[PDB]
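Structure, as structure tokens:
Nothing in this text is a laboratory measurement; each read-out follows from the coordinates by a stated rule. Positions of Cβ are generated from backbone atoms using ideal geometry, with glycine treated the same way; all protein chains shown enter the neighbour counts.
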Protein chains: 4
Amino acid sequence: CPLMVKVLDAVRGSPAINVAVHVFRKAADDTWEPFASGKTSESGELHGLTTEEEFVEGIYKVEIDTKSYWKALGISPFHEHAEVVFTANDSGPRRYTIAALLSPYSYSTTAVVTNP
Amino acid sequence: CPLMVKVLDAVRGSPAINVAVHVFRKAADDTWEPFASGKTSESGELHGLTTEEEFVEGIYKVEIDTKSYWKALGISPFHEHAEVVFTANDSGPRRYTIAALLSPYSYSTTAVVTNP
Amino acid sequence: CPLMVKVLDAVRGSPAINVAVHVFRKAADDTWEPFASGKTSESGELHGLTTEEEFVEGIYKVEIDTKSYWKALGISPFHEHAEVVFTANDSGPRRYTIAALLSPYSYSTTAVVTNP
Amino acid sequence: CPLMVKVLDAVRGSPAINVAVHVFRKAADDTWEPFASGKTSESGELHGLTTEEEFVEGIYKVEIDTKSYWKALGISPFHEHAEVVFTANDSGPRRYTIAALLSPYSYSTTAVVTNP
Ligand SMILES: COc1cc(C(=O)c2cc(C)cc(C)c2)cc([N+](=O)O)c1O
Ligand SMILES: COc1cc(C(=O)c2cc(C)cc(C)c2)cc([N+](=O)O)c1O
């Protein structure tokens, strides 16, 4: 609800299904602490990562396991993973969607931040 | 239903709302004939462009009026518009989503083609 | 020199070699008139399309023949071409680099505009 | 020479000048060790990060300091940085160009890998 991840595949023209996604929150000692994770669904979406109560301001990292995704499809990939790092800021009501568009040697990411 | 367009804004991190979208189908004489049009909604999506009966195989052009979108936001843009040209092919049941991610001097587009 | 095109391949992580590019300019009667054409080199770059004298103000369309590129590599891609449409030189001469990053179901384009 | 980074700005249509870039290499104990750093020139390019001798096999992370770039232009961007993580030189030496295209709420990255 506060945070959704969506992953698309630029080679096949499809959602990127069954991609592992790990979210971390930066701790006080600057290390990355596990926060939430899951696998994208048949629509390429990963819902239910967190709740409003749990998702406080801070620095988050979303790691998308692109390498395993490509290897499951039999395609040779460049990256280890894709990492999206951002600050969550409570500037009134907000929902964050982190979207990624994957190719073997490239990826694109955007944030769609809306007031629900 | 068979064809949806979604437009996102990379500068503001938001759906691209109220963007005009024109779809054309290539005619026998190679000209582009108007086929469907609309404006993206508050979610950046444009539904209801066509129906299964109307959307036959052929070459289609989706023109996204990016210049007017940026000017309504007070941002100076490079492109006249963004044009996505593709062939619709009846390889079993298919839904097409044409997605575009806009910046003033760049855009990205992908096709998400799924079997419903 | 005033207009260069660069094309990269996001599947292979390489320049996109031997990509045909056609440039058109909108004529007074609103049709697209041929302006220049060429193909990308081993570096993915296409230089020498035009000259400072010939590259006057106007609305230009750079058509990158992405389908032909993919088909020659044995791939069936989604798009027919990538088209980049922009007004050039409207505040005096500029140098334009039009870049494209290709995948079978997606492309991205950017413009770099410099004042010489 | 074996590792170059190029950064472009999708808002202005320009090279992204004075962008700080930090490269790390995974050490035997799985931590990220500093490897090289620099900043992009007026062309948006960063050359001379490393040498053929120093750029051995390994897992490398190229951190592009996009937030610092935007903040110096007076813009509040979404991401903290753009990180590009890849195994290099695993089948012998290659030349790598890591490119990034920046917007306030989005970025794209690609790799061009060539065999010298
Ligand atoms: C929020 O919802 C959506 C977002 C996006 C996107 O941000 C995106 C992101 C990138 C990097 C490229 C494109 C062309 C688009 C695509 C979607 N889509 O269904 O293709 C979508 O639904
Ligand atoms: C000028 O020279 C180059 C330009 C560019 C680019 O404009 C570009 C364009 C797009 C759509 C995405 C990215 C990440 C970058 C990439 C290059 N490259 O090596 O990936 C390159 O050499």
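Take every pair of alpha-carbon atoms less than 8 Å apart whose residues are at least six positions apart; their mean separation over the length of chain D yields a relative contact order of 29 percent. Averaged over the residues of A:69-78, the number of partner chain Cβ atoms lying within 10 Å of the residue Cβ comes to 2. Under 15 Å from the Cβ of residue D:2, count the other residues' Cβ atoms, weight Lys and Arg +1, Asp and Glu -1, and hand me the total. Every neighbour counted, the sum reads -2. Quick check: the distance between the Cα centres of segment C:1-15 and segment D:67-81, to the nearest angstrom? Cα centres, segment C:1-15 to segment D:67-81: 27 Å.
Here's how it looks for residue A:14: its modeled amide H is under 5 Å from those of A:9, B:113, which are all 5 or more places away or on a different chain. The region of chain D that goes longest without hitting one of the GluC sites (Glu not before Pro) in a DSSP loop, each with at most 10 other Cβ atoms within 10 Å, is D:54-116. For chain D, the Kirkwood radius over C-alpha pairs fed into Stokes-Einstein at 20 °C and 1.002 mPa s yields D = 149 µm² per second.
For residue B:48, the label point sits 7 Å beyond Cα toward Cβ; its separations from the matching points on the remaining copies run 3.2, 5.4, 6.1 nm, from shortest to longest. The phi-based Karplus calculation (6.51 cos²θ - 1.76 cosθ + 1.60; θ = phi - 60°) puts the 3J(HN,Hα) values of segment B:100-109 at 9, 10, 9, 10, x, 10, 7, 8, 10, 9 Hz, whole numbers, x for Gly and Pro. For residue A:87, the label point sits 7 Å beyond Cα toward Cβ; its separations from the matching points on the remaining copies run 3.6, 3.7, 5.0 nm, from shortest to longest.
Across the protein assembly as shown, counting alpha-carbon atoms alone, Rg and Dmax equal 21.5, 68 Å. Packing, as the average of other Cβ atoms within 10 Å across residues, places the peptides A:14-25, C:21-32 in the order A:14-25, C:21-32, highest first. Distance to the B-onto-D rotation axis is smallest for one chain B Cβ; residue and value in angstrom are B:103, 2. Secondary-structure-derived ellipticity at 222 nm for chain A, considering helices only, amounts to -1500 deg cm²/dmol, per-run term -39500 (n - 2.57) for DSSP H runs with n ≥ 4. Shown in residue order for segment D:56-65 are the 3J(HN,Hα) couplings computed by the Karplus curve 6.51 cos²θ - 1.76 cosθ + 1.60 at θ = phi - 60°: 7, 3, x, 9, 10, 10, 9, 9, 9, 8 Hz (x for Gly and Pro).
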